[PDB]
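First comes the structure, then the notes that go with it.
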Amino acid sequence: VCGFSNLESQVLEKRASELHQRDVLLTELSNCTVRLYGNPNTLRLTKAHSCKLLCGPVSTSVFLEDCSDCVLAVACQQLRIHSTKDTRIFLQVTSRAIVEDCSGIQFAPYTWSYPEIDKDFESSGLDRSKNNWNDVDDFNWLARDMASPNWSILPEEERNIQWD
Amino acid sequence: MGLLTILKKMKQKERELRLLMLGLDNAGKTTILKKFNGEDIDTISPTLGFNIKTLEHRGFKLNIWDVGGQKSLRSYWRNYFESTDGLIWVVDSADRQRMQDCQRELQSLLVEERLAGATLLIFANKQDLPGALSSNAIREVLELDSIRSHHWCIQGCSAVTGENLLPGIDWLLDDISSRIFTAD
Amino acid sequence: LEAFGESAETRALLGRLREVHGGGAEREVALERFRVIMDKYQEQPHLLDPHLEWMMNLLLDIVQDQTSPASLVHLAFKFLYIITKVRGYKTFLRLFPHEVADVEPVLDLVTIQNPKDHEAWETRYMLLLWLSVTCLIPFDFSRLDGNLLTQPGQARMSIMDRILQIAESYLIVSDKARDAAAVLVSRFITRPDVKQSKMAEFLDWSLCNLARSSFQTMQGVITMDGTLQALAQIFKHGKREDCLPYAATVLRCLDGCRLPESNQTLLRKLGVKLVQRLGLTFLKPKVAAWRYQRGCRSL
Ligand SMILES: Nc1nc2c(ncn2[C@@H]2O[C@H](COP(=O)(O)OP(=O)(O)O)[C@@H](O)[C@H]2O)c(=O)[nH]1
Ligand SMILES: [Mg+2]
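Protein chains in written order, with the authors' numbering: chain C, 183 to 346; chain G, 1 to 184; chain D, 27 to 325.
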């Protein structure tokens, strides 16, 4: 896979030339800030601890595992999350986000953008007129009336987080 | 029951088959099932349980049961082993770290009792990706040569473009028609 | 015949159930016409496969509506049972809804049914089958229940206990709904979580019912038949290593029911059937080594 791994206090970055239709994989990252300015086909963020990932549109799926105190902001068709506690996500899903063995997730809209984001959304074959971020399913909680205590929405007064 | 009705029931049951689709999550089972039928791929969502579909191919009534490959769902796979004529095991080529986990999963599915006599078609999905393992790589990492109680056959494909999907079902049907079918 | 020719007529008849449910003057004629049109495909039910998916969607949208009266929902349950007996429940219930969200609503309907209402038995039957379809979900009932201690004092009953009570109450009725319960027994007691919490209990109750029932009274016979059907379904759709630890105890109670001396032909058949399922629990399945070399699947 094309991605970084086993880094600390490293602010990584990529361009559309090395991100286009290429599966990406992150593993063992602590206190790092990645910035992918392209349209990666798939994305896999595993073993993340105090990491800020700002990726452009993702044509297929985004998988997250063993993440804690992370700040994600990526658009895709599906978002799979496994074992994640306290991790904000500015998500723009064209289908549905699912969560499993999670607790304390905060979902909010997507507001990140770069000068070339327009030519990168055209490469994702995604539909900009579809955003179901406020409708996530829980595998551990499948009730009818009661809500899922493992994920909620972030208040509007906590959504102005610094992007630097 | 006379012989005429028995033969009629046998012929009716012979025109029905079962193709259980299994595999790890995020592999592309729903995508393959939708591409084989001709539906849209831009509007597909992960299965929160299991989906069922029925179609007709070469006169045979094919009933596909796409089960979710989530961790909390594998324990319930046993609820879909009754009357299984074919097992479509999907494997993601790009998924290289969890391969070991995908090898243990396919290995235990072979020591079952109800799934003893049933064809095996392994689809290496996501072959058009840069870091997509080849067919030989997936065949050697999962140890397919050790299999001897089931008729297996690896074959890559790509649901995003619908490639190498008809050959797999054709081979499955040819293998199913090669053996005798008797009622119970 | 070759194909379905009465398409527009059937569509209009199905779209007329919302104006022929109050008075029975135009309710009986519609049912008679539907039965006469469906009986023509009794010998060729395969010719209805491409029409039994859209007819079930129209029939489900009426019963799923909360503003659909009792008389209107019961009319939609009779047509569904007719279609089932025409085509086949095995091929008809497979296409019914099977999502997770359909687990709590359907069950609730089963709770608002009067077993002493012979004028709507078709509602109690088909409904049960639909429930058996919602036990093919790969999740647990504890996850759907969530928190049961939400009310003060009076605790909420879990879905597993409700299903178990419903099954125990309907395996001992005279009507066609007992049979449906046997379907739920093969879809509920065979689950991974239900078996862990509803297998010892369900097998102790069945043994007690078999031990204190006579084949000389009308009720006792019904209870014995229901228990035998449930045991046969458990041993058929159940595992061999979960059901083998109970096959000696069951065999004994079956032999004690002195059925081979009863003048009840259906009890003897159920006893023989339960005797072959228990027996096949003592031996591992083998595979015909002689296949792939003595004939094709067809001719
Ligand atoms: N690149 C690529 N992605 C695919 C392919 N097939 C499926 N996918 C994507 O992989 C993701 C997982 O697919 P999905 O059908 O939900 O798989 P399942 O839910 O595990 O059975 C989806 O976003 C699909 O669009 C393929 O051949 N190539
Ligand atoms: Mg799926």
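Built from N, CA and C at the ideal position, the CB exists for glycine as well.
Exercise. Roughly how many angstroms separate the alpha carbons of residue 54 (chain G) and residue 139 (chain D), rounded to a whole number?
Worked result: 33 Å
Exercise. Should residue 6 (chain G) go down as buried or exposed, given a rule of 16 or more other Cβ atoms within 10 Å for buried?
Worked result: So residue 6 (chain G) ends up on the exposed side.
For this session: Take residue 147 (chain D) and list the residues in its own chain whose beta-carbon comes closer than 6 Å to its own, dropping the five residues that flank it on each side.
Result: 201
For this session: Identify whether residue 8 (chain G) lies in helix, strand or coil by the three-state DSSP scheme.
Result: The DSSP-derived three-state label of residue 8 (chain G) is helix.
For this session: Work out the CA separation of residue 81 (chain G) and residue 111 (chain D) for me, nearest whole Å.
Result: 26 Å
Exercise. So, is the C-beta of residue 47 (chain D) closer than 8 Å to a C-beta in chain G?
Worked result: no
Exercise. Is residue 62 (chain G) buried or exposed, if buried means 16 or more other CB atoms sit within 10 Å of its CB?
Worked result: It counts as buried.
For this session: Within 10 angstroms of the Cβ of residue 296 (chain C), are there 16 or more other Cβ atoms? Answer buried if so, exposed if not.
Result: exposed
For this session: Answer yes or no: the CB of residue 362 (chain C) versus the heavy atoms of ligand 1, is any distance below 7 Å?
Result: Absent from the structure is residue 362 (chain C), since the part of chain C shown begins at 183 and ends at 346.
Problem set entry | the segment 314 to 323 of chain C contacting the segment 264 to 284 of chain C, beta-carbon criterion three pairs below 8 Å | yes
Exercise. In whole angstroms, what is the alpha-carbon distance linking residue 264 (chain C) and residue 229 (chain C)?
Worked result: If I take the Cα positions, the gap works out to 11 Å.
Exercise. Should residue 320 (chain C) be counted as a contact of ligand 2 given a C-beta to heavy atom distance under 7 Å?
Worked result: Not so, every heavy atom of ligand 2 lies at least 7 Å from the Cβ.
For this session: State yes or no: is the C-beta of residue 129 (chain G) nearer than 7 Å to some heavy atom of ligand 1?
Result: Set against 7 Å, the gap from the CB of residue 129 (chain G) to the closest heavy atom of ligand 1 is smaller.
For this session: Could you give the DSSP three-state label for residue 92 (chain D): helix, strand or coil?
Result: coil
For this session: For my contact list, residue 24 (chain G) and residue 86 (chain G) are in at a C-beta cut-off of 8 Å; report their separation, rounded to the angstrom.
Result: Incorrect: roughly 19 Å between the Cβ atoms, too far for contact.
Problem set entry | Any chain C beta carbon closer than 8 Å to residue 27 (chain D) | Chain C contact via Cβ: absent.
Problem set entry | Contact residues within the segment 24 to 42 of chain G, judged by C-beta distance below 8 Å to chain C | 25, 26 and 42
Exercise. Counting pairs of beta carbons, one from the segment 329 to 336 of chain C and one from the segment 293 to 310 of chain C, are three or more of them closer than 8 Å?
Worked result: no
Exercise. Which residue from G:57, G:98, G:118 and G:115 puts its Cα closest to that of residue 167 (chain G)?
Worked result: G:57
Exercise. Where do the ends of the alpha helix (DSSP H) carrying residue 63 (chain D) lie?
Worked result: Run containing residue 63 (chain D): 53 to 65, per the alpha helix (DSSP H) assignment.
Problem set entry | Reference residue 333 (chain C), options C:298, C:301, C:302 and C:285, closest by Cα | C:285
For this session: Might you give, ordered along the chain, the residues of its own chain that have their beta carbon closer than 7 Å to the beta carbon of residue 152 (chain G), omitting 5 neighbours on each side?
Result: 120, 122 and 144
For this session: Tell me, please, whether the CB atom of residue 165 (chain D) is closer than 8 Å to any CB atom in chain C?
Result: yes
For this session: Would you mind sorting residue 50 (chain G) into buried or exposed? The rule is 16 or more other CB atoms within 10 Å of its CB.
Result: buried
For this session: Give a yes or no on whether 8 Å exceeds the smallest Cβ distance from residue 323 (chain C) to chain D.
Result: yes
Exercise. Taking only beta-carbon atoms, is residue 188 (chain C) less than 8 Å away from chain G?
Worked result: At a cut-off of 8 Å between beta-carbon atoms, residue 188 (chain C) makes no contact with chain G.
Exercise. When DSSP labels each residue in this structure, what does residue 217 (chain D) get in the three-state scheme?
Worked result: In the structure shown, residue 217 (chain D) falls within a coil segment according to DSSP collapsed to helix, strand and coil.
For this session: Determine the direct distance from the alpha carbon of residue 209 (chain C) to that of residue 170 (chain D), and round the result to whole angstroms.
Result: Straight across, the Cα-Cα distance linking residue 170 (chain D) with residue 209 (chain C) is about 34 Å.
Exercise. Exposed or buried, residue 129 (chain G), counting other C-beta atoms within 10 Å across all chains shown (16 or more means buried)?
Worked result: buried
Problem set entry | DSSP three-state assignment for residue 201 (chain G), whether helix, strand or coil | In the structure as shown, chain G starts at 1 and stops at 184, and residue 201 (chain G) therefore has no counterpart that could be examined.
Problem set entry | DSSP state of residue 191 (chain D) mapped onto helix, strand, coil | helix
Problem set entry | Straight-line gap, residue 26 (chain G) to residue 116 (chain G) (C-alpha atoms, nearest Å) | 27 Å
Exercise. Does the distance from the C-beta atom of residue 124 (chain G) to that of residue 154 (chain G) stay below 8 Å?
Worked result: For residue 124 (chain G) and residue 154 (chain G), yes; Cβs fall inside 8 Å.
Exercise. Can you find at least 3 beta carbon pairs, one from the segment 7 to 18 of chain G and one from the segment 30 to 47 of chain G, that sit closer than 8 Å?
Worked result: no
For this session: Examine the Cβ distances between the segment 144 to 163 of chain D and the segment 101 to 109 of chain D and report whether three or more of them are shorter than 8 Å.
Result: yes
For this session: Specify the secondary structure class of residue 220 (chain C) as computed by DSSP and reduced to three states.
Result: coil
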